[PDB]
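# sequence plus experimental coordinates follow:
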2 protein chains.
Amino acid sequence: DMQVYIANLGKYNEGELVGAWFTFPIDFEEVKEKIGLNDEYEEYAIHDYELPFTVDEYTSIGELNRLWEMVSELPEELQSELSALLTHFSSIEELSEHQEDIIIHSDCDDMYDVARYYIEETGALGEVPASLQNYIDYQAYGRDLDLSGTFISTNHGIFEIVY
Amino acid sequence: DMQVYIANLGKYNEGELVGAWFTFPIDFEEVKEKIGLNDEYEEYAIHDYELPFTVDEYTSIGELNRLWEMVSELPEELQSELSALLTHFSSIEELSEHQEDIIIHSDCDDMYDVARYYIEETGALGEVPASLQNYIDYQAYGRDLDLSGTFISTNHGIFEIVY
């Protein structure tokens, strides 16, 4: 759970490759004494990992401890879908800039229900007469809410990135 | 134009059948002297006609003069489509009972425009918000206006028989 397999730059041939699992936070010296060395300090071969995001094989461990703070800062419904938010954003820092703009529809599951929420519950367009209340198109209004703003659909609800 | 070919019960064999055209009103004696007789008074063989409605071959001429008053009483948009009104009613007298109930949409031509008239112009269901004004289904509301009341479609406009 949110861990790495970080050893080693020594043994490029990887004869009985070592270094199993380290959760966060991470010491340099504890991992270095866990995995040894190649008589000098070149380590953190990030071979395997298990993270909600993507990281390269040459990333410094300080950047991993930097990113872990911002990842563990967020609530679980954000942390369950960090790659889905990364499909619109570009970094965890940029997500941390706008981490209150994202509106979460746990109740709504598809665009019909999003339109029905914005019309029936909120009254964003105005009051709804009851004889009109059944005769309102939701699909075309849902398509125009899709083409106006930016909506992302996940398993839990619908994420709405607002400006 | 609204006339008949009424001769004769004499000459069942119709050897040089006579009696050409008589508009309304109709005399018994003028037609009888126009077409002759068979030494007695049996006449008004209604063979051909040209009328906005349907009449049988044994109808008395007094009933024709009776019906012509009610037919010529109506305005031309009713008189242009008397058979279309007869598809819902049963007689010209019954049409004369309810001759003010029929509402005429010269402007509207199909059920989409009838729904758009009842919603946008009248506001039968209430006020229309402008951001809602495009997102209102008219086809389903038109189908339910069709299945609720009684609408008849002609060349000129739409006839609405109201209760």
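Arrived safely, thanks for sending. Numbers count the residues shown, from 1 in each chain, chains lettered A, B, ... in the order given.
# now residue A:136: which helix or strand?
Assigned by DSSP states H and E, residue A:136 belongs to no helix or strand.
# my guess is residue A:143 contacts residue A:115. True?
No: the criterion here is Cβ atoms under 8 Å, and residue A:143 misses it with residue A:115 at 9.1 Å. C-beta coordinates here come from the backbone N, C-alpha and C atoms, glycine included.
# those two: who's more crowded?
Neighbour count, other Cβ atoms under 10 Å in any protein chain shown: between residue A:143 and residue A:115, residue A:115 has more, with 24 against 13.
# from residue B:144, how far out is the more buried one?
Going from residue A:115 to residue B:144 by Cβ to Cβ, to the nearest Å gives 21 Å.
# and the residue nearest to the spatial centre of chain A, what are its phi and psi?
In chain A, the centroid-proximal residue (Cα atoms, centre = their mean) is residue A:82; its distance is 1.0 Å. Backbone torsions for residue A:82, taken as degrees, to the nearest 10, come to phi -70, psi -30.
# for chain B, see how far away residue A:1 is.
Residue A:1 sits 46 Å away from chain B, going by Cβ to the nearest Cβ, to the nearest Å.
# oops, could you answer that again for residue A:162 instead?
Counting by Cβ to the nearest Cβ, the gap from residue A:162 to chain B is 18 Å.
# ok, for that residue, nearest residue in space, not its chain neighbours?
Among residues not flanking residue A:162 along the chain, residue A:101 sits closest, at 5.2 Å (Cβ to Cβ, 6 or more residues apart in numbering or on different chains).
# which residues does the one you found contact?
Counting by Cβ atoms under 8 Å, 6 or more residues apart in numbering or on different chains, residue A:101 makes contact with A:161, A:162, A:163.
# got a winner among those residues for most neighbours?
Within the contacts of residue A:101, residue A:161 tops the neighbour count with 15 neighbours, counted by other Cβ under 10 Å.
# how about the contacts made by the residue lying farthest from the centre of chain A?
Farthest-out residue of chain A from its mean C-alpha position, per Cα atoms, centre = their mean: residue A:131, at 43.3 Å. Applying Cβ under 8 Å, 6+ apart, we find residue A:131 in contact with B:125, B:126.
# for my notes, confirm it occurs in a helix.
Yes: residue state for residue A:131 (DSSP: H, G, I helix; E, B strand; the rest coil) corresponds to a helix.
# elements contacting the top helix by length along chain A?
Counting by DSSP state H, the longest helix found in chain A is helix A:61-73. Secondary-structure packing of helix A:61-73 (3 or more Cβ pairs under 8 Å, 6 or more residues apart in numbering or on different chains; DSSP states H and E): helix A:92-97.
# nothing else from me, thank you.
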